[PDB]
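Residue numbers (my numbering), protein chains in the order written: chain A, 1 to 67; chain B, 1 to 67; chain C, 1 to 67; chain D, 1 to 67; chain E, 1 to 67; chain F, 1 to 67.
There are 6 protein chains.
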Amino acid sequence: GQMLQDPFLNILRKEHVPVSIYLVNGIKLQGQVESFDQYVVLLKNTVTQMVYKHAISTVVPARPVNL
Amino acid sequence: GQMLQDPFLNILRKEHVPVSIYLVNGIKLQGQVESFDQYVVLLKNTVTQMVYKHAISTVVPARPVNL
Amino acid sequence: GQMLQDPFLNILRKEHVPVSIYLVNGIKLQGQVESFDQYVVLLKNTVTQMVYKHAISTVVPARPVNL
Amino acid sequence: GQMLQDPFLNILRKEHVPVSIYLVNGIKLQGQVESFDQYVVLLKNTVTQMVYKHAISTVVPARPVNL
Amino acid sequence: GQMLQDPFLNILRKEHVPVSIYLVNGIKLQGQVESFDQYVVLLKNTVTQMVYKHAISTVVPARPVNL
Amino acid sequence: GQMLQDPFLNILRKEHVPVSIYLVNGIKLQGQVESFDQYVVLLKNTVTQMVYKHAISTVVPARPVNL
């Protein structure tokens with residue numbers, strides 16, 4: 001397919017879907033996708049942290065999300 | 001060879017082949033390839049999660065798949 | 001979204017926000033973002049060290065920072 | 001040198017040389033190089049799995065192979 | 001900021017500043033930056049070894065260095 | 001500096017310098033640089049194996065080598 005990353009992240013952002021983000025170092029972060037760009041995802045919980053996409057292994061939504 | 005990634009992923013998607021996806025952090029995910037683009041594979045089980053290709057080490061189909 | 005990395009890093013730099021930077025090898029660095037470019041973040045504590053972005057997993061500010 | 005990757009992989013494929021492929025996560029895969037493209041190597045044993053090159057550390061042939 | 005990596009490495013090289021270089025695999029190398037290019041840093045101790053930047057997580061000087 | 005990787009690898013190859021190559025997964029390989037290209041180094045011991053540069057952390061010669 002083509003151009004599927006952004007629609008997926010954008011539903012998670014607009015719909016405030018709780019996600020777990022598994023990093024390449026084994027950290028699992030939880031929160032809401034506040035925003036994202038070419039290279040980073042801003043993930044919001046107690047604060048907003050800037051997660052580099054190159055360190056993300058998988059983004060797991062708390063519920064089914066259909067593109 | 002040339003342009004073999006997409007034909008492989010596309011048989012797995014169209015034919016709903018069960019796969020195991022081994023990540024660079026040791027996680028093994030199981031499910032069906034729902035869709036994919038330049039950078040991500042959407043993998044469906046209980047939910048659909050967005051797996052970044054840069055974190056995938058190998059995609060192992062449950063059965064032989066011939067391109 | 002678009003062009004969000006730099007605004008985020010730039011608030012952290014200009015506002016001297018304490019950050020924790022989690023590396024892909026599990027090291028957690030703490031300090032202030034002194035400066036940054038396409039590829040590196042200069043992080044200042046006792047000395048200034050040059051952190052490659054490709055090794056950063058997440059930048060966690062000590063407080064909420066809103067872009 | 002220049003353009004040595006493909007000649008090497010191509011001898012392994014055409015000559016059906018048994019290889020061990022060591023991944024960045026410590027997995028060692030064994031089999032035959034069925035095919036490869038810009039980004040993936042298809043490795044055949046009981047099934048054919050799609051190995052991303054970015055996750056390969058070294059390809060070790062079972063015997064000397066001279067380019 | 002822009003074009004800060006090279007000025008930093010260049011002060012370390014010209015001023016023969018002792019550095020520790022932390023790699024993504026946990027190795028910590030110590031020595032002096034002899035030279036560097038787009039992709040590698042030559043680090044000199046008993047011998048000169050060629051460190052790929054993509055494997056460096058952070059370069060820590062023994063003393064403050066101000067760009 | 002500029003264009004230093006290839007001169008370094010080329011002295012190691014032409015001069016048959018024994019090297020240790022440390023991979024991002026902790027494997028240490030030993031042998032001689034037989035050849036190399038944009039993306040791989042062919043390393044020769046009992047056989048020749050194809051090491052991807054993206055998995056190399058540092059190349060350590062057995063002796064001083066001066067570019």
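Where is the CB? At the ideal position from N, CA and C, for every residue including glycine.
query, result
"Does any residue of chain D bring its CB to less than 7 angstroms from the CB of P61(B)?", "yes"
"Any idea which residues DSSP pairs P61(D) with across the strands?", "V19(D)"
"Does the beta carbon of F36(B) sit closer than 7 angstroms to a beta carbon anywhere in chain A?", "yes"
"Under 7 angstroms between the Cβ atoms of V24(C) and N25(A)?", "yes"
"Please look up how many angstroms separate the CB atoms of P7(F) and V47(E), rounded, as I've assumed it's under 8 angstroms.", "Not a contact, Cβ separation roughly 16 angstroms."
"What residue from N45(B), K14(B), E15(B) has the CA that sits closest to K28(B)'s CA?", "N45(B)"
"Suppose the cutoff is 6 angstroms on Cβ atoms and the five residues either side in sequence are ignored; what does the same chain contact list for residue 89(C) look like?", "There is simply no residue 89(C) to check, as chain C begins at 1 and stops at 67 in what is shown."
"Could you tell me the boundaries of the beta strand (DSSP E) in which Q49(D) lies?", "48 to 52"
"Between the beta-carbon of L67(A) and the beta-carbon of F36(A), is there less than 7 angstroms?", "no"
"Is there a Cβ from chain F that is less than 7 angstroms from the Cβ of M3(E)?", "no"
"Using the C-alpha atoms, what's the distance from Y39(A) back to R13(A)?", "16 angstroms"
"Pull out every residue of the region 41 to 58 of chain F whose Cβ sits closer than 8 angstroms to any Cβ of chain E, in chain order.", "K53, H54, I56, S57, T58"
"Looking at chain D, is there any beta carbon in it that lies within less than 7 angstroms of the beta carbon of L23(F)?", "yes"
"Between which two residues does the beta strand (DSSP E) containing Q5(E) stretch?", "That residue, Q5(E), is in no beta strand (DSSP E); its alpha helix (DSSP H) goes 5 to 14."
"Please check if any C-beta of chain F sits within less than 7 angstroms of the C-beta of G31(D).", "no"
"With 16 other CB atoms within 10 Å as the buried threshold, where does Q2(A) fall?", "exposed"
"Do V51(C) and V41(C) have their C-beta atoms within less than 7 angstroms of each other?", "yes"
"Which whole-angstrom value describes the C-beta separation of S57(E) and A55(C), a residue pair presumed to lie in contact below a C-beta threshold of 8 angstroms?", "4 angstroms"
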